[PDB]
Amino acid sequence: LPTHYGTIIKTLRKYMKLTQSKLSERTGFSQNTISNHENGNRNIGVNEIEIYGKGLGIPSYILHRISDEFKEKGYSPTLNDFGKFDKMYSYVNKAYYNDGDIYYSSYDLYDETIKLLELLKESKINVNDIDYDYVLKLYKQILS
């Protein structure tokens, strides 16, 4: 039942170092609205997540997938490590739009980001050190 969108918005607003005032200027929601959204005093669905996504600078569907984790696990690993996710996703996103082997093989960028982070973790590799060109080779490997 529960979405946890309130927590997701608060956490991502903080992750992107935005004041409620700034997110308000950008989204068109007042600070009172954003506070009630964040605190669970006002329901959040698809239509609010479209606005928040644009305001945060994070594709709306990622908030859907983070919400999906909470429901499927009790918490979101990705939200807990959003810094690692933002970094890997920037590489996955780039590979998808600039490499034919990815564009003609990829099934889902968010699931592939998660698969790659799990692979870096198991290999004891740090996502902020890895070479793009090496990420690309790991990516082609998980798709094949």
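Residue numbers here begin at 1 and follow the sequence given.
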{"query": "66-74 set against 80-88, stretch whose average Cα temperature factor tops the other in the entry", "finding": "66-74"}
{"query": "Among modelled residues of the same chain, the CA temperature factor third for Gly40", "finding": "middle"}
{"query": "CA B-factor ranking of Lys94, expressed as a third of its chain", "finding": "lowest"}
{"query": "Ranked C-alpha temperature factor of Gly57 among modelled chain residues, by third", "finding": "middle"}
{"query": "CA B-factor placement of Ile125, once the chain's modelled residues are sorted into thirds", "finding": "middle"}
{"query": "Chain-relative CA temperature factor third for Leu136", "finding": "lowest"}
